[PDB]
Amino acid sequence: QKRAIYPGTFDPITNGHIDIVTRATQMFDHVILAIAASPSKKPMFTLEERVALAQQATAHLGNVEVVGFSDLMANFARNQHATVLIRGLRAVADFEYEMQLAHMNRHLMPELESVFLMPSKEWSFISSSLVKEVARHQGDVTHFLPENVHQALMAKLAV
């Protein structure tokens, strides 16, 4: 009945993302983990890779649905019959950008309510960007990623 969308680039999905979507499923009946194509960010993993990684990483959560999209997130939320948009908040830079996004999304879809969750202390200082940078220099990021994602990141960089 209550449907929420959790959009992001998820390049790749981290334990921080896993924490947020898990909390979302404890709050709403159905959660769409929505992976934006984000070509402007030149992602390391293709959209199809990121969807598969997230599907495996969230298979244990019964009310999570992983979908990729290139639409405007506001339209995609409407077309998923979502009335809640989930984002995790990490730092001041996040907050300020999320504010901009939320006000734009409110303009585009006024009945879509943006709600923010604060991550666990364990994940409050990591990001996909940071994890990739450490991995690019062969540092150990097993603690920060789902097993399947760590394998795929290692495999990716080994090529």
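Only the largest set of C-alpha atoms that superpose within 1.5 Å between the two forms is called the rigid core. One-based numbering along the sequence shown.
- Rigid core fits of the other structures in 8 other deposited structures of this protein place the C-alpha atoms of one stretch farther away on average; of 133-141 and 8-16, that stretch is 133-141.
- With each structure aligned by its rigid core, the stretch whose Cα atoms sit farther from this model in 8 other deposited structures of this protein, between 55-63 and 90-98, is 90-98.
- Mean CA temperature factor is higher for 89-97 when stretches 89-97 and 63-71 are set side by side in the entry.
- Look at the mean CA B-factor for 144-152 and for 13-21 in the entry; the higher one is 144-152.
- When the CA B factors of the chain's modelled residues are split into thirds, the value for residue 127 lands in the lowest one.
- Residue 102: CA B factor in the highest third of modelled residues in this chain (values from the PDB entry).
- Sort the modelled residues of the chain by CA B factor and residue 34 lands in the lowest third.
- Sort the chain's modelled residues by C-alpha temperature factor and residue 134 lands in the lowest third, per the entry.
- Residue 51: CA B factor in the lowest third of modelled residues in this chain (values from the PDB entry).
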